[PDB]
Number of protein chains: 2
Amino acid sequence: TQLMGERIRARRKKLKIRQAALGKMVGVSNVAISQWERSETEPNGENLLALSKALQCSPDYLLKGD
Amino acid sequence: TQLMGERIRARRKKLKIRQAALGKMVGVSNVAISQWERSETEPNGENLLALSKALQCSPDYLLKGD
DNA sequence: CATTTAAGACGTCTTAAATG
DNA sequence: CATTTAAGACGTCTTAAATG
Ligand SMILES: [Rb+]
Ligand SMILES: [Rb+]
């Protein structure tokens, strides 16, 4: 059921920051955040690692849940 | 500095496996492993994580090293 | 034989416009 | 306004051929 992009957005909403603010922490645009959250694309390896740090969770959690 | 792909190859050689056998463990072709090792491309998010498990090191070690 | 090169399909980013 | 859509450049894969 649950997609990675849904967990990315839940974790960003928990921080209460905008897509642009998260993009800035990660080193990508607000649009890349948006594409990830909507499961349009998935983050590449370097961006997944930066995202999981900004989000304070592990890459595995983002990728596969729990 | 040392590139991620040289770290991938050094770790694979430690394990004494061919690129095809690593590929099998990760879920990609031997060519993808060749591409990564030669820094032609970098693994995407899901592949980087699968690669790090198959190699028993962390995603951060692969991407950034010590 | 193991690995690299090549070509090409599809994925992951970018900025600007549109939407709500 | 924040976000999503659009258009488009370069990135990541696959198989087949070439290389050694
Ligand atoms: Rb408007
Ligand atoms: Rb408007």
Side-chain angles (χ1 to χ4, degrees):
Chain A
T1 338
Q2 200 193 37
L3 300 160
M4 175 174 40
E6 302 175 274
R7 292 185 288 276
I8 294 163
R9 175 176 288 176
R11 303 298 295 162
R12 175 180 64 87
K13 298 275 167 180
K14 197 65 143 163
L15 301 177
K16 306 183 178 293
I17 65 170
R18 272 37 170 101
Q19 296 182 335
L22 179 57
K24 196 182 178 166
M25 303 172 73
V26 171
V28 294
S29 60
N30 67 297
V31 176
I33 305 304
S34 173
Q35 294 158 334
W36 296 345
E37 285 186 353
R38 294 180 289 93
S39 301
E40 181 167 314
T41 58
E42 306 184 349
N44 69 21
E46 162 170 38
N47 294 335
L48 179 54
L49 276 283
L51 180 60
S52 74
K53 296 191 181 86
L55 292 181
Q56 296 159 52
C57 63
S58 77
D60 282 303
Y61 171 74
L62 292 181
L63 270 179
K64 35 167 293 299
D66 287 72
Chain B
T1 322
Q2 177 189 54
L3 296 162
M4 174 172 45
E6 301 175 301
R7 287 189 292 271
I8 291 168
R9 181 173 284 171
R11 210 72 190 55
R12 177 184 56 87
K13 306 272 238 161
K14 221 70 200 169
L15 270 5
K16 306 185 195 187
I17 63 180
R18 66 188 180 157
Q19 295 175 338
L22 186 56
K24 186 70 166 184
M25 299 173 80
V26 176
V28 297
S29 59
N30 64 305
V31 180
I33 307 297
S34 177
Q35 299 162 338
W36 303 338
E37 293 191 344
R38 293 174 292 102
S39 306
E40 180 177 334
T41 67
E42 302 173 352
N44 71 13
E46 159 160 10
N47 295 335
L48 175 58
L49 267 291
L51 175 64
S52 74
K53 299 181 180 33
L55 296 178
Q56 313 145 133
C57 54
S58 70
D60 304 272
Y61 171 77
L62 293 178
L63 274 169
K64 299 134 191 304
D66 293 322

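Values reported hereafter were calculated over all heavy atoms of this structure, with side chains retained and with hydrogens, waters and symmetry mates removed. Sequence lines set the chain letters: A, B, ... in the order given, protein chains first and strands last, and positions in each chain run from 1.
When the side chains of ILVMFWY residues are joined at heavy-atom separations under 4.5 Å, either directly or via intervening members, A/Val31 and A/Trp36 end up in two distinct hydrophobic clusters.
The distance from atom CD1 of B/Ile33 to atom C1' of C/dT3 is 12 Å, rounded to the nearest whole Å.
For the contact set between residues 9-23 of chain B and DNA chain C, defined by any heavy atom under 4.0 Å, the members are B/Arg9, B/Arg12, B/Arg18, B/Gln19. For the contact set between residues 24-32 of chain B and DNA chain C, defined by any heavy atom under 4.0 Å, the members are B/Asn30, B/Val31.
Regarding nucleotide C/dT14, the torsion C1'-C2'-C3'-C4' is greater than zero, so its sugar is described as north.
The phosphate of D/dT3 (OP1 or OP2) has no side-chain N or O of A/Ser34 nearer than 4.0 angstrom. Side-chain nitrogen and oxygen atoms of A/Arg38 include none within less than 4.0 Å of the OP1 or OP2 phosphate oxygen of D/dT3.
Separating the CD atom in A/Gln35 from the CG atom in A/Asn30 is a distance of 9.5 Å, to the nearest 0.5 Å. In this structure, B/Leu49 CG and A/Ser58 OG are separated by 8.0 Å, a value rounded to the nearest 0.5 Å. Here A/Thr41 contributes atom OG1 and A/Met4 contributes atom CE; the two are 8.5 Å apart, rounded to the nearest 0.5 Å.
Judged by distance alone, with hydrogens and angles left aside, the side-chain atoms of A/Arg9 form no donor-acceptor pair with the main-chain N or O of A/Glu37 at under 3.5 Å. Here the side chain of B/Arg38 pairs no donor or acceptor atom with the backbone of B/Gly5 at under 3.5 angstrom. With B/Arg11 contributing its side chain and B/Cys57 its backbone, the two residues share no donor-acceptor pair below 3.5 Å.
Evaluation of the salt bridge (charged side-chain N to carboxylate O under 4.0 Å, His left out) test over residues 56-66 of chain B, restricted to residues two or more places apart or in two chains, returns A/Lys53-B/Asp60.
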What pairs of nitrogen or oxygen atoms, one from the protein and one from nucleotides 8-12 of chain D, lie under 3.5 Å apart?
from   : atom 1 : to      : atom 2 : distance (Å)
D/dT12 : OP1    : B/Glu42 : O      : 3.4
D/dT12 : OP2    : B/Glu42 : N      : 3.1

Walk me through it: do A/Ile17 and A/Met25 pass the test side chain to side chain contact (heavy atoms under 4.5 Å, CB included)?
CA-CA 11 Å; A/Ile17 65 170; A/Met25 303 172 73; 3.8 Å; yes
Chi angles and distances behind the side chain to side chain contact (heavy atoms under 4.5 Å, CB included) call for B/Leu3, B/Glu6
CA-CA 6 Å; B/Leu3 296 162; B/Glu6 301 175 301; 3.8 Å; yes
Dump the intermediate steps for side chain to side chain contact (heavy atoms under 4.5 Å, CB included) on A/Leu55 and A/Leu22, then the final yes or no.
CA-CA 9 Å; A/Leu55 292 181; A/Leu22 179 57; 3.9 Å; yes
Output, in order, the C-alpha distance, side-chain angles, deciding distance and verdict of side chain to side chain contact (heavy atoms under 4.5 Å, CB included) for B/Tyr61 and B/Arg7.
CA-CA 8 Å; B/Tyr61 171 77; B/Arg7 287 189 292 271; 3.6 Å; yes
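Checked against side-chain hydrogen bond (donor to acceptor under 3.5 Å, both in side chains), A/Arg18 has no partners two or more places apart in sequence or in another chain.
In DNA chain D, consecutive stretches of 3 or more Watson-Crick or G-U wobble pairs with both distances under 3.5 Å are given as paired ranges: C:1-20 with D:1-20.
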